[PDB]
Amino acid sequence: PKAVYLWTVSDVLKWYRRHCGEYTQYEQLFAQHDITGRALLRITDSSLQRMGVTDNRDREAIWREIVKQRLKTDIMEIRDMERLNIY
């Protein structure tokens, strides 16, 4: 249950294979650009273009997975803040 902001580049690559398995050709981009978990939380559609994910369909699919992972992290952080407001 390691928080995303602690993810190493290796953790991000393992995440990419799990959720972007139909887009394996862009996996090396995340390694070459040192996309840690901290970087994964700040990537936008624009920075994916700049990285070289030129195909609009490929980029939209990858961008959606990144946003969905942020929502998962958001839910985890909201529950942590909810427990901090009760305790």
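Counting begins at 1, following the sequence as shown.
*Asks:* If you rank the chain by CA B-factor, which third does residue 6 end up in: lowest, middle or highest?
*Replies:* Answer is highest: the recorded C-alpha B-factor places it there.
*Asks:* Please rank the C-alpha B-factors of the chain's modelled residues and tell me whether residue 79 sits in the lowest, middle or highest third.
*Replies:* For residue 79, whose C-alpha B-factor we compare with every modelled residue in the chain, the answer is the middle third.
*Asks:* Lowest, middle or highest third: which one holds residue 50 when the chain's residues are ordered by CA B-factor from the entry?
*Replies:* Ranked within chain, residue 50 CA B lands in the lowest tercile.
*Asks:* Quick check on the deposited entry: does the C-alpha B-factor of residue 68 sit in the lowest, middle or highest third of its chain?
*Replies:* Within its chain, residue 68 is a middle-third residue by C-alpha B-factor, going by the deposited values.
*Asks:* Considering only modelled residues of the same chain, in which third does the CA B-factor of residue 57 rank: lowest, middle or highest?
*Replies:* Residue 57: CA B-factor falls in the highest third of its chain.
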